[PDB]
């Protein structure tokens, strides 16, 4: 039966951007083919040069956002090059069975595996590595991402009416626990293996040293600031595979928000801030109405402005004095 379904290949895109797709499906179910290569690599996470041994899906933190439609089949070819040193796998929160696929995609360096699962539930979901006995270590090393399963007829508001976005961004929020020496400075490591002991110790404090968007402090600012224009409808998919977060668009709102990201549920309206539980992906739809710079943040202002969970939006267009204006 699966053999009768036509197949389509997707070229993934590095976050915060998302690979193109049709919001409203133009055909019946399909088998969507994806391919990701696991890559263990050093990564600089803050402005002081602190670097870690990151574990990534396709070389980025977070991994790329995968997009399909409800009832399509997701077929992922997962590759683990012999240049890596650890065993990895992948767990799809969108999938049903075998620990989300974790127990079927274990691959040591030099191996690859292909997993297929039916996307039976619409919504944005988290996907992350989960090696038996070393789950949080891999996840907090940046090995997580998300997949969006759109309703075949696109998104809908709290009244069944269509909600169409002009652009979509994927913000992966990452909590890091960089080990510190007795002096209070970040220790150095040659391999992911040597850091395990200290990694476990750092994680058990439950106090992140960093909390960043797209892999590093200020990653989504400057030339990498998100963009929009007055009148533009923007969907922002936000995930946190291990810890709670509370997204907030400073100067705006989440007009329609699926805090826990499942589309069969009507969205919450006019959110100033929403809670995305650790191990969940959420989605917020907003129509810009004012130009200028906006800050998108985890509203625990310490986590945002001190630990790194903050990015920017640069919006073009005409200022609306009716909505807001400085009185002189």
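Positions refer to the first chain, counted from 1. Here the rigid core means the biggest group of C-alpha atoms that line up within 1.5 Å when the two forms are laid on top of each other.
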Quick one: core-superposed, which stretch strays further from the shown model in 7 other deposited structures of this protein, 88-96 or 179-187? Go by RMS C-alpha distance.
179-187
If you take the mean CA temperature factor per stretch, which one wins between 83-91 and 143-151?
83-91
So which stretch wins on mean C-alpha B-factor, 185-193 or 158-166?
185-193
Given 275, 283, 65, 43, identify the residue with the highest C-alpha B factor in the PDB entry.
43
From 128, 238, 201, 253, can you pick the one with the highest C-alpha B factor in the entry?
201
Entry-reported C-alpha B-factor of residue 245 relative to its chain, by third, is lowest
Which third, lowest, middle or highest, does the CA B-factor of residue 319 fall in along this chain?
highest
What third of its chain, lowest, middle or highest, does the C-alpha temperature factor of residue 171 fall into?
lowest
Chain thirds by Cα B factor, record data; residue 19 belongs to the lowest
Of the three thirds of its chain by CA temperature factor, lowest, middle or highest, which one includes residue 271?
lowest
